[PDB]
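Participant: From first to last, the protein sequence lines stand for chains H and L.
Using PDB author numbering, the first residue of the first sequence is number 3, and each one after it goes up by one.
Using PDB author numbering, the first residue of the second sequence is number 1, and each one after it goes up by one.
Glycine included, every Cβ here is placed at the ideal spot set by N, Cα and C.
One structure coming up, written as structure tokens, with questions to follow.
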Amino acid sequence: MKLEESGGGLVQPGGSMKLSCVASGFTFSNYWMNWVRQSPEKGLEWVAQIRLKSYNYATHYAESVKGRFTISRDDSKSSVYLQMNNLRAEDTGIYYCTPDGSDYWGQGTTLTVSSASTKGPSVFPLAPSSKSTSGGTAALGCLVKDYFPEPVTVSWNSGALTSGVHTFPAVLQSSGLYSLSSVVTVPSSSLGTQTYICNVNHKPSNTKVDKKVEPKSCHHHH
Amino acid sequence: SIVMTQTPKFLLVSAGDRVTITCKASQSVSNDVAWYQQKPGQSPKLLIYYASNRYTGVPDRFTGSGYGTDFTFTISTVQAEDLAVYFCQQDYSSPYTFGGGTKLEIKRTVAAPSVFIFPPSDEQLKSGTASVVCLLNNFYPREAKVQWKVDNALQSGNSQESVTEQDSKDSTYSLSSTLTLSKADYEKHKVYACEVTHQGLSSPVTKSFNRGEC
Ligand SMILES: [Co+2]
């Protein structure tokens, strides 16, 4: 049983967007379908629901989206959709598709409604060194600086490295651009044979960057 | 529409202890209340439905009860892996509405941070800016003072801090502090120090490097 959302992205206020959700591993035509969104400021908010062929596909909408949003489905393709017109700043959030009984949820798809132009990040190494080594462990990372809007995602060695990873919440700088760090601790012996690469993706600016983080000696041999 | 008022907004619990969360509906909702768990970076997960039935695969420590307006959700013996925000939701009549959430912080024994410092990279320096990063790894509690000092002079107004969610296994936090200055200011000074004060350290710990060392 799985649902997958796509269609999200960055759009101007007053703009339009269409979200899609494809289901597998259950008899889709038998389930009412819902869209629910989430933002830090507003929390979880139910948005729209669509029922079955029986009902003639009865739909319902949260007041705040009425007349702007349209839910629809294609049973033959096990898919539910949300068409969104005249988008407002406050429609910003992560959108989830969920069946009646909210038994299961998807990974979600991010919608950002913003008049601001995008800016891709620079990715700088946080090199491992004696200054970031304690008892046979070294810390290393990547600084993903000066981007707009949220989000960026960071992985390490294409997701092969997950233990000891801490990717910090982004913070808004005084320039109005975001910055964040992602670090990992690793055996200091690893440094000689293992390559460490942060995979950075800021979809708004089409930035997809892999940065190899190389060790620095400083004066450790002295 | 029906308001679901969820309390407390925040709960600090030792592992093994009990969690009780409450939702009160602005009008009767029969038993059409569900409770969700949302762990950091994850989508909500259904725990309890029709107010008191626990969903498939959910462990016994999770219960709920209630009818009408008053609903509660319980974790009998909270585990480190129960770190999450919890939400109630009313299914009774549209618009379906959610409680504001309850954020769980897991109380544990004091753990001192391991402190690490990072010089600005050669590439960033080329561009006119110097970001200096201090890392505090795997500590508890969250409360911590990180002081930047450049040539032993205390900095103010030119740093920002970020903190991770509690780790699902060891219940620790990590924290980054980033000092930002112009390349020109950077090259005016030698010693870059982050000084960490934390309950678990008998005395503040300082990590440092010299401009030009690495
Ligand atoms: Co030397």
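For ligand 1, list every residue whose C-beta falls under 5 Å from any of its heavy atoms, going in chain order.
Facilitator: Listed along the chain, these residues meet the criterion: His221/H and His224/H.
Participant: Kindly give me the distance between the Cβ atoms of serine 190/H and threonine 135/H, rounded to whole angstroms, as I take these residues to be in contact under 8 Å.
Facilitator: As a first step, residue 190/H is located in the first sequence; it is residue number 188 there, counting from the start. As a first step, residue 135/H is located in the first sequence; it is residue number 133 there, counting from the start. Contact flag correct, Cβ pair sits at about 5 Å.
Participant: Considering only their Cβ atoms, is the gap separating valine 146/L from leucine 136/L smaller than 9 Å?
Facilitator: The count along the second sequence starts at 1 and reaches residue 136/L at position 136. The count along the second sequence starts at 1 and reaches residue 146/L at position 146. Taking 9 Å as the Cβ cut-off, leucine 136/L and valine 146/L qualify as a contacting pair.
Participant: Under 9 Å, do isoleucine 2/L and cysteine 88/L count as touching if we go by C-beta distance?
Facilitator: The sequence position of residue 2/L within the second sequence is 2, counting from 1. The sequence position of residue 88/L within the second sequence is 88, counting from 1. No, they are not a contact pair.
Participant: Strictly under 9 Å for the Cβ-Cβ distance: is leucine 145/H near chain L by that measure?
Facilitator: Residue 145/H sits at position 143 when you count from the first residue of the first sequence. Interface residue, yes.
Participant: Rounded to the nearest angstrom, how far is the Cβ of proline 101/H from that of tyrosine 33/H, given a contact under 8 Å?
Facilitator: Locating residue 101/H in the first sequence gives position 99, where the first residue counts as 1. Locating residue 33/H in the first sequence gives position 31, where the first residue counts as 1. About 4 Å separates the two Cβ atoms, so the contact holds.
Participant: Is there contact between the stretch 170 to 189 of chain L and the stretch 152 to 161 of chain L, where contact requires at least three CB pairs shorter than 8 Å?
Facilitator: Yes, the stretch 170 to 189 of chain L is in contact with the stretch 152 to 161 of chain L.
Participant: Report all residues from its chain with a CB closer than 7 Å to the CB of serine 65/L; omit the five preceding and five following residues, and keep chain order.
Facilitator: For the purposes of this step, residue 65/L is identified with residue 65 of the second sequence, where counting begins at 1. Correct list, in chain order: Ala51, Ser52 and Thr72.
Participant: Taking a cut of 8 Å between CB atoms, which residues from the stretch 25 to 44 of chain L lie near chain H?
Facilitator: Cβ contacts with chain H come from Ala34, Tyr36, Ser43 and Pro44.
Participant: Please list the partners that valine 133/L has in chain H, where partner means a Cβ-to-Cβ separation under 7 Å.
Facilitator: Position 133 of the second sequence, counted from the start, is the residue given in the question as residue 133/L. Residues of chain H passing the Cβ test: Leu128, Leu145 and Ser183.
Participant: Within its chain, find whatever has a CB closer than 6 Å to the CB of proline 119/L; leave out the 5 residues flanking it on each side and keep chain order.
Facilitator: Here residue 119/L is taken as the residue at index 119 of the second sequence, counted from 1. Cβ within range, chain order: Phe209 and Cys214.
Participant: What residue range is occupied by the uninterrupted alpha helix (DSSP H) comprising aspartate 185/L?
Facilitator: Taking the second sequence and counting its residues from 1, one reaches residue 185/L at position 185. Taken as a continuous stretch (DSSP letters only), the alpha helix (DSSP H) holding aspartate 185/L covers 183 to 186.
Participant: How long is the line joining the alpha carbons of residue 252/L and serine 165/H, rounded to whole angstroms?
Facilitator: Since the first residue of chain L shown is 1 and the last is 214, residue 252/L is not available in this structure.
Participant: Please report whether the beta-carbon of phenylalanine 71/H lies at a distance below 9 Å from any beta-carbon of chain L.
Facilitator: Translated into the one-based positions of the first sequence, residue 71/H becomes position 69. Not an interface residue.
Participant: In the DSSP output, what is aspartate 76/H paired with across the bridge?
Facilitator: For this step, residue 76/H is matched to residue 74 along the first sequence. BP columns for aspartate 76/H point to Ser81/H.
Participant: Out of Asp32/L, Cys23/L and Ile75/L, which has the shortest C-alpha to C-alpha gap to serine 94/L?
Facilitator: By 1-based counting over the second sequence, the position of residue 94/L is 94. Minimum Cα distance to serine 94/L is reached at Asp32/L.
Participant: With 16 as the cutoff for other CB atoms within 10 Å, does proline 15/H come out buried or exposed?
Facilitator: Here residue 15/H corresponds to residue number 13 of the first sequence, with the count starting at 1. It counts as exposed.
Participant: Going along chain L in order, which residues have a C-beta closer than 8 Å to the C-beta of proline 171/H?
Facilitator: By 1-based counting over the first sequence, the position of residue 171/H is 169. Those are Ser162, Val163 and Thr164, listed as they occur along chain L.
Participant: Rounded to whole angstroms, what is the Cα-Cα separation between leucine 175/L and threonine 164/L?
Facilitator: Counting from 1 along the second sequence, the entry for residue 175/L is found at position 175. Counting from 1 along the second sequence, the entry for residue 164/L is found at position 164. Answer to the nearest angstrom: the Cα atoms are 6 Å apart.
Participant: Return the CA-CA distance between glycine 212/L and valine 133/L, expressed in angstroms with no decimal places.
Facilitator: In the second sequence, counting from the first residue as 1, residue 212/L sits at position 212. In the second sequence, counting from the first residue as 1, residue 133/L sits at position 133. Cα to Cα, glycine 212/L sits roughly 16 Å from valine 133/L.
Participant: Is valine 186/H closer than 9 Å to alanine 118/H when the C-beta atoms are compared?
Facilitator: Translated into the one-based positions of the first sequence, residue 118/H becomes position 116. Translated into the one-based positions of the first sequence, residue 186/H becomes position 184. No, they are not a contact pair.
Participant: For my contact list, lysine 133/H and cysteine 200/H are in at a C-beta cut-off of 8 Å; report their separation, rounded to the angstrom.
Facilitator: Translated into positions along the first sequence, residue 133/H becomes position 131. Translated into positions along the first sequence, residue 200/H becomes position 198. That belief does not hold up - the Cβ atoms of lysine 133/H and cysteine 200/H are roughly 19 Å apart, past 8 Å.
Participant: Which one or two residues does DSSP pair with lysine 207/L in a beta bridge?
Facilitator: Your numbering for residue 207/L matches position 207 in the second sequence. Note: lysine 207/L sits in a beta bridge opposite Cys194/L.
Participant: Count the other CB atoms within 10 Å of the CB of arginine 75/H; is the residue buried (16 or more) or exposed (fewer)?
Facilitator: One-based indexing of the first sequence puts residue 75/H at position 73. Result: buried.
Participant: Specify, as a first and last residue, the run of the alpha helix (DSSP H) that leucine 12/L falls within.
Facilitator: Here residue 12/L is taken as the residue at index 12 of the second sequence, counted from 1. No alpha helix (DSSP H) holds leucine 12/L; the beta strand (DSSP E) holding it covers 10 to 14.
Participant: Are there three or more Cβ pairs, one per stretch, closer than 8 Å when the stretch 118 to 132 of chain H is compared with the stretch 145 to 163 of chain H?
Facilitator: A contact exists between the stretch 118 to 132 of chain H and the stretch 145 to 163 of chain H.
Participant: Ends of the beta strand (DSSP E) at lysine 45/L?
Facilitator: For the purposes of this step, residue 45/L is taken as the residue at position 45 of the second sequence. Per DSSP, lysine 45/L belongs to the beta strand (DSSP E) from 45 to 49.
Participant: Select from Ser127/L, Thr129/L and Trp148/L the residue whose C-alpha is nearest the C-alpha of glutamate 195/L.
Facilitator: Translated into the one-based positions of the second sequence, residue 195/L becomes position 195. Cα-wise, what sits closest to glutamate 195/L is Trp148/L.
Participant: State the Cα-Cα distance for the pair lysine 213/H and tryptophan 158/H, rounded to the nearest angstrom.
Facilitator: The count along the first sequence starts at 1 and reaches residue 213/H at position 211. The count along the first sequence starts at 1 and reaches residue 158/H at position 156. When rounded, the distance between both Cα atoms is 10 Å.
Participant: For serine 116/H, which three-state DSSP category applies?
Facilitator: Within the first sequence, residue 116/H is the residue found at index 114, counting from 1. Coil, per DSSP.
Participant: What residues from chain H crowd round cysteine 214/L, counting only those whose CB sits closer than 8 Å?
Facilitator: One-based indexing of the second sequence puts residue 214/L at position 214. Ordered by position in chain H, the residues that pass the 8 Å Cβ test against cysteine 214/L are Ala129, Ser131, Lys133, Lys218, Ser219 and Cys220.
Participant: Quick check: the stretch 171 to 180 of chain H against the stretch 23 to 39 of chain L, are at least 3 beta-carbon pairs closer than 8 Å?
Facilitator: The stretch 23 to 39 of chain L is not in contact with the stretch 171 to 180 of chain H.
Participant: Against chain L, does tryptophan 158/H count as a neighbour if the rule is that its beta carbon must be under 9 Å from one of theirs?
Facilitator: By 1-based counting over the first sequence, the position of residue 158/H is 156. Answer no: the Cβ-Cβ gap between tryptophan 158/H and chain L never drops below 9 Å.
Participant: Tell me the residue span of the beta strand (DSSP E) that contains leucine 104/L.
Facilitator: As a first step, residue 104/L must be located in the second sequence, where it is residue number 104. Counting along the chain, the beta strand (DSSP E) containing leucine 104/L begins and ends at 102 to 107.
Participant: Does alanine 141/H come out as helix, strand or coil in the three-state DSSP assignment?
Facilitator: Looking up residue 141/H in the first sequence gives position 139. In this structure, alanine 141/H counts as strand in the three-state DSSP scheme.
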